[PDB]
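Peer 1: For reference, this is structure-v3.tsv, and it has TSV, C-alpha atoms and all ligand atoms.
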chain	number	residue	atom	x	y	z
Y	1256	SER	CA	-43.01	29.58	19.87
Y	1257	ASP	CA	-42.85	28.15	23.36
Y	1258	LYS	CA	-41.38	25.13	21.62
Y	1259	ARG	CA	-38.93	27.44	19.87
Y	1260	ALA	CA	-38.33	29.32	23.13
Y	1261	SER	CA	-37.55	26.13	25.03
Y	1262	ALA	CA	-35.37	25.00	22.14
Y	1263	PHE	CA	-33.36	28.23	22.18
Y	1264	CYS	CA	-33.13	27.93	25.97
Y	1265	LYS	CA	-31.63	24.46	25.66
Y	1266	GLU	CA	-29.29	25.81	22.99
Y	1267	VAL	CA	-27.76	28.60	25.07
Y	1268	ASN	CA	-27.90	26.26	28.05
Y	1269	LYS	CA	-24.84	24.49	29.40
Y	1270	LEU	CA	-25.02	20.95	30.73
Y	1271	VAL	CA	-22.57	18.50	32.26
Y	1272	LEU	CA	-22.04	14.88	31.28
Y	1273	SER	CA	-23.24	13.81	34.74
Y	1274	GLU	CA	-26.71	15.23	34.06
Y	1275	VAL	CA	-27.33	12.30	31.70
Y	1276	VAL	CA	-25.59	9.35	33.28
Y	1277	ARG	CA	-27.57	6.70	35.13
Y	1278	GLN	CA	-25.95	4.41	37.73
Y	1279	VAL	CA	-22.48	3.31	36.65
Y	1280	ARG	CA	-20.62	0.09	37.35
Y	1281	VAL	CA	-16.88	-0.40	36.86
Y	1282	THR	CA	-15.54	-3.92	36.42
Y	1283	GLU	CA	-12.31	-5.04	38.03
Y	1284	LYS	CA	-9.81	-7.72	37.08
Y	1296	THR	CA	-8.16	-5.73	33.00
Y	1297	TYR	CA	-9.98	-2.56	34.05
Y	1298	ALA	CA	-13.34	-2.08	32.36
Y	1299	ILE	CA	-16.15	0.40	32.95
Y	1300	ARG	CA	-19.67	0.60	31.53
Y	1301	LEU	CA	-21.90	3.66	31.94
Y	1302	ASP	CA	-25.68	3.82	31.70
Y	1303	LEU	CA	-27.35	6.75	29.91
Y	1304	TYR	CA	-30.99	7.77	29.97
Y	1305	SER	CA	-33.42	6.86	27.20
Y	1306	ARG	CA	-32.99	8.96	24.09
Y	1307	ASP	CA	-36.41	10.63	24.04
Y	1308	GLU	CA	-36.37	11.08	27.79
Y	1309	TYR	CA	-32.88	12.28	26.90
Y	1310	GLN	CA	-34.26	14.82	24.40
Y	1311	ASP	CA	-37.07	16.11	26.62
Y	1312	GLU	CA	-34.87	17.82	29.22
Y	1313	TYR	CA	-32.32	18.19	26.40
Y	1314	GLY	CA	-32.13	17.97	22.62
Y	1315	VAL	CA	-28.43	17.82	22.17
Y	1316	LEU	CA	-27.58	14.88	19.94
Y	1317	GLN	CA	-26.26	11.34	20.27
Y	1318	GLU	CA	-23.26	11.69	17.97
Y	1319	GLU	CA	-22.40	14.77	19.99
Y	1320	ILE	CA	-22.46	12.58	23.09
Y	1321	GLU	CA	-20.08	10.23	21.28
Y	1322	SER	CA	-17.68	13.00	20.23
Y	1323	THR	CA	-17.63	14.84	23.55
Y	1324	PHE	CA	-17.63	11.75	25.78
Y	1325	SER	CA	-14.85	10.03	23.85
Y	1326	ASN	CA	-12.38	12.86	23.46
Y	1327	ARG	CA	-12.96	15.12	26.41
Y	1328	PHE	CA	-14.09	12.61	29.03
Y	1329	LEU	CA	-11.19	10.28	28.22
Y	1330	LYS	CA	-8.81	13.23	28.55
Y	1331	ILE	CA	-10.26	14.30	31.90
Y	1332	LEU	CA	-10.39	10.77	33.28
Y	1333	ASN	CA	-6.76	10.27	32.33
Y	1334	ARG	CA	-5.94	13.54	34.08
Y	1335	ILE	CA	-7.61	12.50	37.32
Y	1336	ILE	CA	-6.10	9.02	37.18
Y	1337	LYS	CA	-2.59	10.35	36.61
Y	1338	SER	CA	-2.98	12.91	39.39
Y	1339	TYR	CA	-4.21	10.39	41.96
Y	1340	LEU	CA	-1.34	8.21	40.80
Y	1341	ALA	CA	1.03	11.08	41.56
Y	1342	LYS	CA	-0.36	11.53	45.07
Y	1343	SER	CA	-0.40	7.78	45.78
Y	1344	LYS	CA	3.18	7.58	44.49
Y	1345	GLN	CA	4.21	8.97	47.86
Y	1476	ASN	CA	-2.79	4.35	28.21
Y	1477	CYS	CA	-6.37	4.77	26.99
Y	1478	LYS	CA	-6.84	1.30	25.59
Y	1479	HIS	CA	-10.34	0.66	24.29
Y	1480	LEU	CA	-13.61	2.52	23.78
Y	1481	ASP	CA	-17.03	0.97	23.14
Y	1482	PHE	CA	-20.03	3.24	22.83
Y	1483	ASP	CA	-23.54	2.15	21.87
Y	1484	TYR	CA	-22.93	3.74	18.48
Y	1485	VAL	CA	-26.40	2.86	17.14
Y	1486	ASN	CA	-28.70	2.94	20.16
Y	1487	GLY	CA	-26.69	5.25	22.41
Y	1488	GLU	CA	-27.53	3.58	25.72
Y	1489	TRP	CA	-24.24	2.35	27.25
Y	1490	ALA	CA	-20.63	3.48	27.26
Y	1491	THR	CA	-17.96	0.89	27.95
Y	1492	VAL	CA	-14.31	1.90	28.23
Y	1493	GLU	CA	-11.63	-0.77	28.67
Y	1494	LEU	CA	-8.46	0.32	30.45
Y	1495	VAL	CA	-5.31	-1.67	31.18
Y	1496	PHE	CA	-3.01	-0.97	34.10
Y	1497	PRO	CA	0.24	-2.25	35.58
Y	1498	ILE	CA	-0.61	-4.69	38.34
Y	1499	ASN	CA	1.86	-3.01	40.72
Y	1500	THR	CA	-0.27	0.08	41.39
Y	1501	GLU	CA	-2.40	0.46	44.50
Y	1502	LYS	CA	-6.15	-0.04	44.15
Y	1503	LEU	CA	-8.40	2.67	42.73
Y	1504	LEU	CA	-11.70	4.05	43.99
Y	1505	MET	CA	-12.80	4.03	40.39
Y	1506	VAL	CA	-16.45	4.64	41.34
Y	1507	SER	CA	-15.72	8.05	42.84
Y	1508	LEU	CA	-13.26	8.65	40.02
Y	1509	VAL	CA	-15.71	8.17	37.17
Y	1510	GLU	CA	-18.31	10.16	39.07
Y	1511	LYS	CA	-15.84	13.00	39.53
Y	1512	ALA	CA	-14.96	12.75	35.85
Y	1513	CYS	CA	-18.47	12.78	34.38
Y	1514	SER	CA	-19.49	15.50	36.83
Y	1515	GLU	CA	-16.61	17.60	35.51
Y	1516	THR	CA	-16.73	17.37	31.72
Y	1517	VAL	CA	-19.07	19.69	29.84
Y	1518	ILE	CA	-20.87	18.81	26.64
Y	1519	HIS	CA	-21.52	22.39	25.52
Y	1520	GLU	CA	-21.32	25.68	27.47
Y	1521	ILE	CA	-21.20	29.23	26.21
Y	1522	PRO	CA	-18.07	30.35	28.11
Y	1523	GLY	CA	-19.01	31.67	31.52
Y	1524	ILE	CA	-22.80	31.39	31.30
Y	1525	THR	CA	-25.31	28.88	32.65
Y	1526	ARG	CA	-28.87	28.35	33.87
Y	1527	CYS	CA	-31.09	29.96	31.28
Y	1528	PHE	CA	-34.72	29.82	32.34
Y	1529	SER	CA	-38.07	31.43	31.56
Y	1530	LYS	CA	-40.17	33.13	34.22
Y	1531	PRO	CA	-43.39	35.11	33.64
Y	1537	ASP	CA	-47.58	40.12	31.92
Y	1538	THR	CA	-47.65	37.81	28.89
Y	1539	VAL	CA	-44.12	39.01	28.19
Y	1540	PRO	CA	-42.00	36.11	26.86
Y	1541	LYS	CA	-38.66	36.69	28.52
Y	1542	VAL	CA	-35.60	34.61	29.24
Y	1543	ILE	CA	-33.79	35.01	32.54
Y	1544	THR	CA	-30.23	33.70	32.46
Y	1545	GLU	CA	-27.66	33.61	35.21
G	246	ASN	CA	-0.87	19.98	70.06
G	247	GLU	CA	-2.60	17.87	67.44
G	248	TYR	CA	-1.12	14.53	66.48
G	249	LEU	CA	-2.06	12.28	63.57
G	250	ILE	CA	-1.13	8.59	63.66
G	251	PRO	CA	-2.52	6.11	61.11
G	252	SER	CA	-5.39	4.01	62.43
G	253	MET	CA	-3.90	0.78	61.08
G	254	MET	CA	-0.72	1.45	63.03
G	255	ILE	CA	-2.47	1.76	66.38
G	256	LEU	CA	-4.71	-1.16	65.45
G	257	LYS	CA	-1.94	-3.71	64.93
G	258	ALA	CA	-0.17	-2.13	67.88
G	259	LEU	CA	-3.20	-2.56	70.14
G	260	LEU	CA	-3.66	-6.31	69.90
G	261	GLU	CA	-1.41	-9.05	68.56
G	262	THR	CA	-3.67	-9.22	65.57
G	263	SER	CA	-3.44	-10.65	62.08
G	264	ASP	CA	-4.55	-8.53	59.14
G	265	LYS	CA	-7.14	-11.18	58.31
G	266	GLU	CA	-8.56	-10.62	61.79
G	267	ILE	CA	-8.84	-6.92	60.96
G	268	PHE	CA	-10.56	-7.59	57.65
G	269	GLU	CA	-13.01	-10.11	59.07
G	270	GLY	CA	-13.83	-7.78	61.95
G	271	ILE	CA	-14.34	-4.66	59.87
G	272	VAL	CA	-16.56	-6.03	57.11
G	273	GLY	CA	-17.13	-9.62	58.14
G	274	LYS	CA	-20.69	-9.89	56.85
G	275	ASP	CA	-22.43	-10.15	53.48
G	276	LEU	CA	-19.18	-11.54	52.09
G	277	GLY	CA	-17.84	-9.20	49.44
G	278	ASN	CA	-19.65	-5.96	50.14
G	279	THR	CA	-18.13	-3.94	47.33
G	280	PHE	CA	-17.34	-0.59	48.91
G	281	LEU	CA	-16.27	-1.75	52.35
G	282	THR	CA	-14.05	-4.48	50.92
G	283	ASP	CA	-12.14	-2.34	48.44
G	284	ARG	CA	-11.64	0.54	50.87
G	285	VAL	CA	-10.44	-1.71	53.69
G	286	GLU	CA	-8.02	-3.40	51.29
G	287	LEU	CA	-6.59	-0.04	50.28
G	288	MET	CA	-6.13	0.81	53.95
G	289	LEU	CA	-4.29	-2.39	54.86
G	290	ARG	CA	-2.11	-1.95	51.79
G	291	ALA	CA	-1.19	1.68	52.43
G	292	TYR	CA	-0.11	0.87	55.97
G	293	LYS	CA	1.81	-2.18	54.77
G	294	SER	CA	3.67	0.23	52.45
P	344	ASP	CA	-12.25	-4.49	73.81
P	345	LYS	CA	-10.76	-1.18	72.71
P	346	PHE	CA	-9.85	-3.05	69.54
P	347	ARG	CA	-13.38	-4.35	68.99
P	348	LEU	CA	-14.77	-0.86	69.47
P	349	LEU	CA	-12.21	0.70	67.14
P	350	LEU	CA	-13.43	-1.82	64.60
P	351	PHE	CA	-17.05	-0.83	65.16
P	352	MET	CA	-16.00	2.79	64.91
P	353	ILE	CA	-14.17	2.58	61.61
P	354	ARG	CA	-17.01	0.40	60.36
P	355	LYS	CA	-19.57	3.09	61.14
P	356	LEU	CA	-17.20	5.68	59.66
P	357	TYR	CA	-17.11	3.85	56.34
P	358	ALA	CA	-20.88	3.39	56.40
P	359	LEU	CA	-21.04	7.16	56.70
P	360	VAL	CA	-18.62	7.53	53.80
P	361	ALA	CA	-20.99	5.74	51.42
P	362	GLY	CA	-24.11	7.50	52.66
P	363	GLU	CA	-25.14	4.35	54.54
P	364	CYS	CA	-25.74	6.50	57.64
P	365	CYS	CA	-27.05	10.00	58.19
P	366	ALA	CA	-24.73	12.62	59.67
P	367	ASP	CA	-24.85	12.83	63.44
P	368	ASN	CA	-25.74	16.33	64.58
P	369	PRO	CA	-23.28	17.59	67.20
P	370	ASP	CA	-25.28	20.83	66.96
P	371	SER	CA	-28.21	19.23	68.78
P	372	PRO	CA	-28.96	18.45	72.44
P	373	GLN	CA	-29.22	14.87	71.24
P	374	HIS	CA	-25.46	14.51	70.89
P	375	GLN	CA	-24.76	16.54	74.02
P	376	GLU	CA	-24.30	16.50	77.79
P	377	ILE	CA	-23.58	19.05	80.53
P	378	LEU	CA	-20.53	19.94	82.60
P	379	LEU	CA	-21.15	20.62	86.28
P	380	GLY	CA	-19.14	22.77	88.63
P	381	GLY	CA	-17.81	20.16	91.01
P	382	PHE	CA	-16.64	18.03	88.11
P	383	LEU	CA	-14.56	20.67	86.36
P	384	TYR	CA	-13.47	21.70	89.84
P	385	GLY	CA	-12.13	18.22	90.48
P	386	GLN	CA	-10.53	18.09	87.05
P	387	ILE	CA	-8.62	21.35	87.43
P	388	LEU	CA	-7.77	20.30	90.97
P	389	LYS	CA	-6.26	17.06	89.70
P	390	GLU	CA	-4.42	19.10	87.07
P	391	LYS	CA	-2.79	21.24	89.75
P	392	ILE	CA	-2.02	18.10	91.74
D	870	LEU	CA	-52.37	15.04	53.99
D	871	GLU	CA	-54.05	16.03	50.72
D	872	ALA	CA	-51.19	18.22	49.55
D	873	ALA	CA	-48.76	15.64	50.91
D	874	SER	CA	-50.08	12.70	48.91
D	875	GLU	CA	-50.48	14.94	45.87
D	876	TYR	CA	-46.94	16.30	45.85
D	877	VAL	CA	-45.44	12.88	46.46
D	878	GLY	CA	-47.64	11.46	43.69
D	879	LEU	CA	-49.62	8.85	45.62
D	880	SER	CA	-53.35	9.14	46.11
D	881	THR	CA	-55.18	10.03	49.29
D	882	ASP	CA	-56.40	6.45	49.75
D	883	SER	CA	-52.88	5.14	49.24
D	884	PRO	CA	-51.49	2.52	51.64
D	885	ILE	CA	-49.93	3.97	54.76
D	886	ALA	CA	-46.66	2.06	54.37
D	887	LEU	CA	-46.19	3.17	50.77
D	888	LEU	CA	-46.53	6.84	51.64
D	889	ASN	CA	-44.31	6.14	54.65
D	890	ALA	CA	-41.46	4.90	52.48
D	891	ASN	CA	-42.09	7.79	50.12
D	892	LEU	CA	-41.89	10.43	52.84
D	893	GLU	CA	-38.75	8.96	54.38
D	894	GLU	CA	-37.31	8.93	50.87
D	895	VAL	CA	-38.47	12.53	50.41
D	896	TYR	CA	-36.90	14.49	53.21
D	897	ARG	CA	-33.60	12.81	53.35
D	898	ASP	CA	-33.04	15.28	50.53
D	899	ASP	CA	-33.79	18.97	50.82
D	900	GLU	CA	-35.13	19.96	47.42
D	901	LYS	CA	-37.85	17.39	48.04
D	902	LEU	CA	-38.40	19.21	51.32
D	903	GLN	CA	-38.50	22.57	49.55
D	904	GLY	CA	-41.10	21.45	47.03
D	905	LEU	CA	-43.16	19.55	49.59
D	906	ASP	CA	-43.28	22.40	52.08
D	907	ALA	CA	-43.89	24.89	49.27
D	908	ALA	CA	-46.97	22.92	48.32
D	909	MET	CA	-48.08	22.61	51.93
D	910	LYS	CA	-47.56	26.33	52.47
D	911	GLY	CA	-49.58	27.33	49.44
D	912	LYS	CA	-52.35	25.01	50.62
D	913	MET	CA	-52.51	26.30	54.19
D	914	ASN	CA	-52.28	29.86	52.88
D	915	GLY	CA	-55.28	29.26	50.67
D	916	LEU	CA	-57.23	27.96	53.65
D	917	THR	CA	-56.03	30.82	55.82
W	6	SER	CA	-12.73	-11.55	48.18
W	7	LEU	CA	-9.10	-10.97	49.06
W	8	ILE	CA	-5.92	-12.99	49.40
W	9	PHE	CA	-4.47	-13.25	52.87
W	10	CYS	CA	-1.79	-15.67	53.89
W	11	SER	CA	-2.55	-18.09	56.70
W	12	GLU	CA	0.82	-18.14	58.48
W	13	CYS	CA	1.47	-14.42	58.16
W	14	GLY	CA	-1.37	-11.99	57.57
W	15	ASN	CA	0.62	-10.33	54.81
W	16	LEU	CA	-1.72	-9.08	52.13
W	17	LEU	CA	-0.03	-10.93	49.31
W	18	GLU	CA	0.88	-9.36	45.97
W	19	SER	CA	-1.07	-10.04	42.76
W	20	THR	CA	-0.67	-13.54	41.30
W	21	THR	CA	-1.11	-12.41	37.69
W	22	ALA	CA	2.55	-11.52	38.07
W	23	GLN	CA	3.73	-14.96	39.21
W	24	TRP	CA	3.47	-17.64	41.91
W	25	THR	CA	2.17	-16.27	45.23
W	26	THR	CA	4.43	-16.01	48.28
W	27	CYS	CA	4.06	-13.78	51.34
W	28	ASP	CA	6.95	-11.36	51.79
W	29	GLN	CA	7.50	-12.27	55.46
W	30	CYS	CA	6.24	-15.82	56.05
W	31	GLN	CA	7.60	-16.81	52.61
W	32	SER	CA	4.83	-19.38	52.43
W	33	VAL	CA	4.16	-21.06	49.08
W	34	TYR	CA	0.62	-21.33	47.77
W	35	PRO	CA	-0.92	-22.58	44.52
W	36	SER	CA	-1.48	-19.42	42.52
W	37	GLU	CA	-4.21	-20.80	40.25
W	38	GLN	CA	-6.61	-21.74	43.07
W	39	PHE	CA	-7.81	-18.13	43.42
W	40	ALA	CA	-7.36	-16.97	39.85
W	41	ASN	CA	-10.21	-15.00	38.28
W	42	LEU	CA	-10.82	-12.59	41.16
W	43	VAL	CA	-14.09	-10.79	40.40
W	44	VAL	CA	-15.09	-7.59	42.19
W	45	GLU	CA	-18.32	-6.18	40.74
W	46	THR	CA	-18.37	-2.55	41.79
W	47	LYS	CA	-21.61	-0.52	41.80
W	48	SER	CA	-22.17	3.22	42.16
W	49	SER	CA	-23.96	3.95	45.43
W	50	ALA	CA	-27.51	5.22	45.36
W	51	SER	CA	-28.20	8.97	45.13
W	52	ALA	CA	-25.02	9.42	43.09
W	53	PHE	CA	-26.05	11.31	39.94
W	54	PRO	CA	-27.89	14.62	40.19
W	55	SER	CA	-30.55	14.36	37.52
W	56	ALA	CA	-33.06	16.70	36.00
W	57	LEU	CA	-35.45	13.72	36.02
W	58	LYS	CA	-34.67	12.09	39.39
W	59	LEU	CA	-37.52	14.02	40.98
W	60	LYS	CA	-39.80	12.44	38.40
W	61	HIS	CA	-38.39	9.26	39.95
W	62	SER	CA	-39.30	10.17	43.57
Y	1601	ZN	ZN	1.81	-15.08	53.70
Just dump the structure as structure tokens.
Peer 2:
Amino acid sequence: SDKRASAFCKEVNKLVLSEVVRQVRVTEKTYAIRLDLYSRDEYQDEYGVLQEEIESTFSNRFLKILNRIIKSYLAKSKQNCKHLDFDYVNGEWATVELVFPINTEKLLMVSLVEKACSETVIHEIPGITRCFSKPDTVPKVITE
Amino acid sequence: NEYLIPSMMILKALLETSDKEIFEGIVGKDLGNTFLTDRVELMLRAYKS
Amino acid sequence: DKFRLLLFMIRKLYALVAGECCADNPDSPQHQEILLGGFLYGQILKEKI
Amino acid sequence: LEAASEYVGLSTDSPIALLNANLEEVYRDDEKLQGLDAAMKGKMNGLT
Amino acid sequence: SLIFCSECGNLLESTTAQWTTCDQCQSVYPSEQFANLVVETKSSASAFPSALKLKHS
């Protein structure tokens, strides 16, 4: 079905964590961030990947990547993951609480989280992306 | 030949100026505009280094 | 006055950083003027001087 | 103006200032340009 | 929302370490006056490429 076709499309499709995040604020002090996500059914229209999958992927992989980018900018400026709080029931905000030595130089955390979420993938068949459907009444899928 | 000297250097070298004068000239408005404030701070700090 | 303008300049630069200003187009007769003959003539003349 | 208001989403009797803000908001991007002009082009082509 | 000295302009070091003193002017200041420094940082507009943003424009 067209429903089944669109489903299968979304399945083979890849998507990045940034494609779901709304505006994000990071709170300074303690070093705490809270992300906004889009509403679950509006989340499952353009998608249909699941909430617990968001939890799993966000937590592990996004924390890893964020730590990578933080450490690397720390290495350039030279010249730990403390707390996680996801909206486990409603799935509509993602707080992460980080703690840092006070001696370090400031951080453009805004650009950092944006770079992070724009980098981590939720699910991607390796080396494929952008599956679409384009019409002779011949149901076909056209994938880059 | 190209030559790269930090802006903060030539700034404090231009006028006998206090860093507070820099900060209140650069973003002195709308006190605590997030982006401008944190970037300017980083700049003053990295020159102070 | 150089100092004040440097301030204005870095201020505009940061505004551009955060998308608070559209990119000036150097590829447009808007951001452009003309060189004459006599002027470059005087400049190279001064150079040889 | 018909295709314009339609693509933006406002109606043809919409207030001038509202559509003004919309259009300024539109073609600071480019995809919004692409869609808008694509609509306008289909429309003019129909007429033509 | 920053901490400059008034004798020197030295951008002072964080007080959550200890009492505040500028490294050059060596001026003493009450550290607790400006405790609880809040900077509420917000992502700038047009920052997240959506698949629904056009439905919001
Ligand atoms: Zn001082």
Peer 1: Residues at most 10 Å from ligand ZN 1601 (chain Y), using only C-alpha atoms and all ligand atoms? Could they come as a PyMOL selection string?
Peer 2: chain W and resi 8-18+25-34
Peer 1: What does the distance from CA of residue 1492 in chain Y to CA of residue 1520 in chain Y come to in Å, to one decimal?
Peer 2: 24.8 Å
Peer 1: Residues of chain D no more than 12 Å from chain P, counting only C-alpha atoms: send them over as a short mmCIF file (atom, residue, chain, number, x, y, z; two decimals) with C-alpha atoms, in the frame of the given file.
Peer 2:
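File written: iface_39.cif
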data_model
loop_
_atom_site.label_atom_id
_atom_site.label_comp_id
_atom_site.auth_asym_id
_atom_site.auth_seq_id
_atom_site.Cartn_x
_atom_site.Cartn_y
_atom_site.Cartn_z
CA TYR D 896 -36.90 14.49 53.21
CA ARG D 897 -33.60 12.81 53.35
CA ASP D 898 -33.04 15.28 50.53
#
Peer 1: CA of residue 58 in chain W and CA of residue 913 in chain D, how far apart in Å?
Peer 2: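 Result for CA of residue 913 in chain D versus CA of residue 58 in chain W: 27.2 Å, one decimal.
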Peer 1: Rounded to one decimal in Å, what is the spacing between CA of residue 1516 in chain Y and CA of residue 1328 in chain Y?
Peer 2: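 Interatomic distance, CA of residue 1516 in chain Y to CA of residue 1328 in chain Y: 6.1 Å.
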Peer 1: Show me, as a JSON list (two decimals) with C-alpha atoms, keeping the file's coordinate frame, the residues of chain P whose atoms get within 10 Å of chain G, using only C-alpha atoms for the distance check.
Peer 2:
[["chain", "number", "residue", "atom", "x", "y", "z"],
["P", 344, "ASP", "CA", -12.25, -4.49, 73.81],
["P", 345, "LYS", "CA", -10.76, -1.18, 72.71],
["P", 346, "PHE", "CA", -9.85, -3.05, 69.54],
["P", 347, "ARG", "CA", -13.38, -4.35, 68.99],
["P", 349, "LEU", "CA", -12.21, 0.70, 67.14],
["P", 350, "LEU", "CA", -13.43, -1.82, 64.60],
["P", 351, "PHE", "CA", -17.05, -0.83, 65.16],
["P", 352, "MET", "CA", -16.00, 2.79, 64.91],
["P", 353, "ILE", "CA", -14.17, 2.58, 61.61],
["P", 354, "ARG", "CA", -17.01, 0.40, 60.36],
["P", 355, "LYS", "CA", -19.57, 3.09, 61.14],
["P", 357, "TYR", "CA", -17.11, 3.85, 56.34],
["P", 358, "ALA", "CA", -20.88, 3.39, 56.40],
["P", 360, "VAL", "CA", -18.62, 7.53, 53.80],
["P", 361, "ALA", "CA", -20.99, 5.74, 51.42]]
Peer 1: Within 12 Å of chain D, which residues of chain W are there when counting all atoms listed in the file? Please give them as a list in words.
Peer 2: residues 50, 51, 54, 58, 59, 60, 61 and 62 of chain W
Peer 1: Export, as a CSV table (one decimal), keeping the file's coordinate frame, the selected residues with C-alpha atoms.
Peer 2:
chain,number,residue,atom,x,y,z
W,50,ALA,CA,-27.5,5.2,45.4
W,51,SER,CA,-28.2,9.0,45.1
W,54,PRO,CA,-27.9,14.6,40.2
W,58,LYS,CA,-34.7,12.1,39.4
W,59,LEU,CA,-37.5,14.0,41.0
W,60,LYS,CA,-39.8,12.4,38.4
W,61,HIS,CA,-38.4,9.3,40.0
W,62,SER,CA,-39.3,10.2,43.6
Peer 1: Looking at G:276, G:261, G:292, G:248, which one is nearest to chain W, with distances taken over all atoms listed in the file?
Peer 2: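 Result for the nearest residue to chain W: G:276.
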Peer 1: Tell me which of P:383, P:370, P:363, P:348 sits closest to chain W, counting all atoms listed in the file.
Peer 2: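 For chain W, the nearest of the given residues is P:363.
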Peer 1: Please work out which residues fall within 9 Å of (-39.1, 30.0, 28.4), coordinates as given in the file, with all atoms listed in the file counting, and return them as a list in words.
Peer 2: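 Residues close enough to count: residues 1257, 1258, 1259, 1260, 1261, 1262, 1263, 1264, 1527, 1528, 1529, 1530, 1531, 1540, 1541, 1542 and 1543 of chain Y.
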Peer 1: What's around residue 1315 in chain Y at 12 Å? Count all atoms listed in the file, leave out sequence neighbours fewer than 2 positions away in its own chain, and write the answer as an MDAnalysis selection string.
Peer 2: chainID Y and resid 1262:1272 1275 1306:1313 1317:1323 1518:1520
Peer 1: Taking all atoms listed in the file into account and nothing else, which residues of chain W lie no more than 7 Å away from chain Y? Please answer as a VMD selection string.
Peer 2: chain W and resid 19 42 to 48 53 to 56
Peer 1: Counting only C-alpha atoms, which residues from chain G have an atom at most 8 Å from any atom of chain Y, and could you show them as a ChimeraX atom specification?
Peer 2: /G:283-284,287,290
Peer 1: For chain P, which residue out of W:41, W:36, W:49, W:6 is the nearest one, using all atoms listed in the file?
Peer 2: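 Once distances to chain P are computed over all atoms listed in the file, the minimum belongs to W:49.
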Peer 1: Please return, as JSON, numbers by chain, all residues of chain G lying within 7 Å of chain W when all atoms listed in the file are considered.
Peer 2: {"G": [263, 264, 265, 277, 279]}
Peer 1: Report, as AutoDock Vina command-line options, the centre and edge lengths in Å (one decimal) of the axis-aligned box enclosing every listed atom of range 1500-1514 of chain Y, padded by 3 Å on each side.
Peer 2:
--center_x -9.9 --center_y 7.7 --center_z 39.4 --size_x 25.2 --size_y 21.5 --size_z 16.1
Peer 1: Give me range 281-294 of chain G with N, CA and C atoms filled in, as a tab-separated table (two decimals), in the coordinates of the input.
Peer 2:
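Written out: part_29.tsv:
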chain	number	residue	atom	x	y	z
G	281	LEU	N	-17.02	-1.51	51.13
G	281	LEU	CA	-16.27	-1.75	52.35
G	281	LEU	C	-15.03	-2.59	52.08
G	282	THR	N	-15.17	-3.61	51.23
G	282	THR	CA	-14.05	-4.48	50.92
G	282	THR	C	-12.92	-3.71	50.25
G	283	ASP	N	-13.23	-2.97	49.19
G	283	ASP	CA	-12.14	-2.34	48.44
G	283	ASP	C	-11.47	-1.23	49.25
G	284	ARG	N	-12.25	-0.48	50.03
G	284	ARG	CA	-11.64	0.54	50.87
G	284	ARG	C	-10.74	-0.07	51.93
G	285	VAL	N	-11.24	-1.08	52.65
G	285	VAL	CA	-10.44	-1.71	53.69
G	285	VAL	C	-9.15	-2.26	53.10
G	286	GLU	N	-9.23	-2.91	51.94
G	286	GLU	CA	-8.02	-3.40	51.29
G	286	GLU	C	-7.03	-2.26	51.10
G	287	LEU	N	-7.49	-1.15	50.52
G	287	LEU	CA	-6.59	-0.04	50.28
G	287	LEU	C	-5.93	0.40	51.57
G	288	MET	N	-6.68	0.38	52.67
G	288	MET	CA	-6.13	0.81	53.95
G	288	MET	C	-5.01	-0.12	54.40
G	289	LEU	N	-5.30	-1.43	54.45
G	289	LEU	CA	-4.29	-2.39	54.86
G	289	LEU	C	-3.04	-2.24	54.00
G	290	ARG	N	-3.24	-2.03	52.71
G	290	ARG	CA	-2.11	-1.95	51.79
G	290	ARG	C	-1.28	-0.70	52.06
G	291	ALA	N	-1.93	0.45	52.22
G	291	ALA	CA	-1.19	1.68	52.43
G	291	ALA	C	-0.42	1.68	53.74
G	292	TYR	N	-0.93	1.01	54.77
G	292	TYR	CA	-0.11	0.87	55.97
G	292	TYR	C	1.05	-0.09	55.73
G	293	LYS	N	0.77	-1.22	55.09
G	293	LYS	CA	1.81	-2.18	54.77
G	293	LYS	C	2.97	-1.53	54.03
G	294	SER	N	2.67	-0.48	53.25
G	294	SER	CA	3.67	0.23	52.45
G	294	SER	C	4.98	0.46	53.20
